[PDB]
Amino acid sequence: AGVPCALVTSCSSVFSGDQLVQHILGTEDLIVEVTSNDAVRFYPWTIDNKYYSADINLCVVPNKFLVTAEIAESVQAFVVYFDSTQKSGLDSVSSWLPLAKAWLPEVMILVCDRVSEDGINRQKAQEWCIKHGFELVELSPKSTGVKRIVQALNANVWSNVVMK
């Protein structure tokens, strides 16, 4: 098979999975151009740390109707952005839950910019994460943020790790 996916997506029309991929790859000063006519976009990334190295793809899949059999079989992590300023912010993730149950990825991250008392506050985000098996991450909290996403992905045992 091919290399693993970390599937990256967004439930907001005003922040894309591609932009989140740019922040993640930015942790190592990698600049990415995201303009492809392909409906799904794969960005290669060599995870390298003191334990192992692993080639993966950050797979930007804008909606569930773009999940092929091949993509589904490769998903080993799931990162999903939601708009916590909207009261419907968690409801907007609901369409991904059947797929997340099927994939059973060992890293599942729910990402917002900052929890919000008139939108989705910390308590409600945390209860959702308990029920569905996600970790809550804030990109701009009042490790955390994109560094925590990178940390969590570096602590994943990918199917193709090469141990040091």
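We number the residues from 1 along the sequence you see.
Unmodelled stretch separating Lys142 from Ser143: 10 or more residues (count of deposited-sequence residues without coordinates).
For the pair 51 to 59 and 32 to 40, the record assigns the higher mean C-alpha temperature factor to 32 to 40.
Remark: stretch with higher mean C-alpha B factor among 75 to 83 and 88 to 96 is 88 to 96. Out of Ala69, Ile130, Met108, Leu136, it is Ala69 whose C-alpha atom has the highest B-factor in the PDB entry.
The entry lists a Cα temperature factor for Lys124 that places it in the middle third of the chain's modelled residues.
Annotation for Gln22: C-alpha temperature factor in the middle third relative to the rest of the modelled chain, per the entry.
Annotation for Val146: C-alpha temperature factor in the middle third relative to the rest of the modelled chain, per the entry. The deposited CA B-factor of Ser10 belongs to the lowest third of values across its chain.
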